[PDB]
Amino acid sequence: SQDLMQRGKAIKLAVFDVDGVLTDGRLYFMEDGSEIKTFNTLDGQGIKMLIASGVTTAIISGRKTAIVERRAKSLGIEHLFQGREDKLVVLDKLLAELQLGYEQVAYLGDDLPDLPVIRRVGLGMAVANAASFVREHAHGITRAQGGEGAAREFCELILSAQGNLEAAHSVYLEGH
């Protein structure tokens, strides 16, 4: 896709939704009300490579849980917003602070609360399992599903657009 590659070039900030994007969208509940969530190892590797390439990252979530706080910290995610349903307001405040334009922002989502952002940013993507209305209004859909490498693919699409994937791969393959 000419359009996605081109949209990838200007990205300085990559924002992820949590449930449905970093997870497969399942909520595990125990009888006491505590939760379990699941993330994916390909995704963690993708996010680390993206950050190492100079792209900053953020998560904006309508829910709130220490599990997400821990995961974000482990991956080096620099900006974490939880318990925020108004995602565009949150983003606008982040961008005012970092002084970036919408065209410098990539966002990966799965559902309606992600849509006001997806519609505005430079690289607004849906995961394959995303609500179809969100799919139809995004710039691109990942092939992989959330919690199954969608976030990794998003990461690689950006690294590739910016000419940085090859360098990332050379760390692990001696021929390049």
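When you see a residue number, it is the position in the sequence shown, counting from 1.
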| item | value |
| --- | --- |
| 102-110 or 89-97, whichever carries the higher mean Cα B-factor | 89-97 |
| Chain thirds of CA B-factor: placement of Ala161 | middle |
| Chain third (lowest, middle, highest) by recorded CA B-factor, residue given as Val15 | lowest |
| Record-listed C-alpha B factor of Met30: chain third | highest |
| Position of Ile36 among the chain's modelled residues by C-alpha B-factor, lowest, middle or highest third | lowest |
| Record-listed C-alpha B factor of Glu148: chain third | middle |
